[PDB]
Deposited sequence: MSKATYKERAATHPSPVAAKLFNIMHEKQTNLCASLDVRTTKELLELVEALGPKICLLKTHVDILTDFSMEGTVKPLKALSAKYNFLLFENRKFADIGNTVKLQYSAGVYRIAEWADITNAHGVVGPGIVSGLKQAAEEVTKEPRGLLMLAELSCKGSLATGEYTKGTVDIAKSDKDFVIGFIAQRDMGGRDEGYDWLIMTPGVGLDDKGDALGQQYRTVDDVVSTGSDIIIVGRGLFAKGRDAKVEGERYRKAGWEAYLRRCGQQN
């Protein structure tokens, strides 16, 4: 693949280009996935990890005290201060006005602040066109979507065929669908697609996933649980992921 810097200069999606630039500038391909109960704990961890991440994956549905004023406002401020994007967990899986409103409205109003979101492909391309239309009506700010091509939960049904079908759906909109949550490269280069591959469950080792084609490593509890120091772990994983990236052979 091309370097993050190169991909930022050519990508059709403004959000993807913005993310690739952050990665190049901050020398990080680390995404911190934080699943905590309170806004206080969330903001604490984000403050500590901000300098070392390119992306923050939030889990607003498990927060007990989510609010636009108390959660989103300070989170957006941290995003701006430390320069990283916001990716909300909510795994959309519907179409039409139902999915548009689950994304744009409700108490969470995800589309108003989440730079990136993800969707299950099982419901068909309607989830892509629906979320795209909702994003456009909500804000002029760049928005992008990741398809959940390969899941890692036990007994998941994201088989080869399902993944192939998901990749095909992604090809319907290279402007809005910026990549996948997956465990391996999804190809596409020969066809003019440049997909971001974000891989969770990293601790498989960083070297393993980055070598197989992962562009971003999504690390969760390994960064803050069990009395760990998030600032220290943020640097550990950032260094590991960046060095693995530098060792990978780029397109010459």
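**Student:** Extract from the deposited sequence all ranges with no corresponding C-alpha coordinates, numbering residues from 1.
**Tutor:** In the chain as deposited, 1 to 2, 206 to 217, 267 carry no coordinates.
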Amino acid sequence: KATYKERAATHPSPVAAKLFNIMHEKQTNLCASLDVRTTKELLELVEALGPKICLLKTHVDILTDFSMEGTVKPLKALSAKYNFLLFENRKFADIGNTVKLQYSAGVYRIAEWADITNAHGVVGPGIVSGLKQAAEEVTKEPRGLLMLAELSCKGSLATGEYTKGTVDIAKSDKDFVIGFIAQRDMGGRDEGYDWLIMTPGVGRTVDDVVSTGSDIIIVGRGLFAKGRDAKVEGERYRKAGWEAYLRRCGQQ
From here on, numbers count along this sequence of modelled residues.
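**Student:** Would you tell me which stretch averages the higher CA B-factor in the PDB entry, 7 to 15 or 225 to 233?
**Tutor:** Taking the mean C-alpha B-factor of 7 to 15 and of 225 to 233, the larger value falls to 225 to 233.
**Student:** Is the mean CA B factor in the deposited entry higher across 206 to 214 or across 191 to 199?
**Tutor:** Between 206 to 214 and 191 to 199, it is 206 to 214.
**Student:** Which one, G160, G179, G130, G124, has the peak C-alpha temperature factor per the PDB entry?
**Tutor:** In this record, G160 carries the highest C-alpha B-factor of the candidates.
**Student:** Between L55, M186, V60, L34, which one tops the list for C-alpha B-factor in the PDB entry?
**Tutor:** Reading the PDB entry, the winner on C-alpha B-factor is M186.
**Student:** Grab the CA temperature factor for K164 from the record and place it in the lowest, middle or highest third of its chain.
**Tutor:** Highest third.
**Student:** Rank-wise, by C-alpha B-factor, drop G144 into the lowest, middle or highest third of its chain.
**Tutor:** Tercile = lowest for this residue's CA B-factor.
**Student:** Can you tell me which third, lowest, middle or highest, the CA B-factor of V46 falls into for its chain?
**Tutor:** For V46, whose C-alpha B-factor we compare with every modelled residue in the chain, the answer is the middle third.
**Student:** Based on the entry's values, in what third of the chain does the Cα temperature factor of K76 lie: lowest, middle or highest?
**Tutor:** As the PDB entry reports it, the C-alpha B-factor of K76 lands in the highest third of its chain.
**Student:** Can you work out whether the C-alpha temperature factor of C153 puts it in the lowest, middle or highest third of the chain?
**Tutor:** For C153, the deposited C-alpha B-factor lands in the highest third.
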